[PDB]
């Protein structure tokens, strides 16, 4: 990719493509698929503590941004381009997990139903840190509650995973640039 020619492509997106187009290891894509499928399973059954214990690194940054709509030709206005829907460290994720599990979280009765669909998995080891695994994947997340409320979320996830305690690979960074500017899902209270 040459972003002078491919006018619509951001520098960041071009950087990320480069990471996967190079060395391709089929075995790594396999491991990555297993890792994400198991993570999604834990989340779907609302095993949030198990998710934290098995899938989330102590040094995690879990970030979902919402980017302000600007002109494609904009080059002068330079104020904050995005806000953080999520920008959580491990302790902040733990707070959210406790909020989910609290028996006075009235919104969780009757019990919610989650179904996640993970696709387009790509994996590549980092150049500098041979212990850092880059994983890209897309998610459709279906949340149903209270008879007729149905919210479907769509996103691409840029992850970094690294082996932690026990040699278990855990999430150390997730970055999502949420594609819908105005949410039509009541909230974004789901772990993408």
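Numbering follows the first chain given and starts at 1.
Checked against the record, the higher mean CA B factor of 178 to 186 and 20 to 28 lies with 20 to 28. Mean CA temperature factor is higher for 126 to 134 when stretches 126 to 134 and 37 to 45 are set side by side in the entry. Comparing the listed residues 99, 116, 113, 75, the entry records the largest Cα B-factor for 75. Set against one another, the Cα B-factors of 151, 165, 68, 158 in the record reach their highest point at 165. Annotation for residue 79: C-alpha temperature factor in the highest third relative to the rest of the modelled chain, per the entry.
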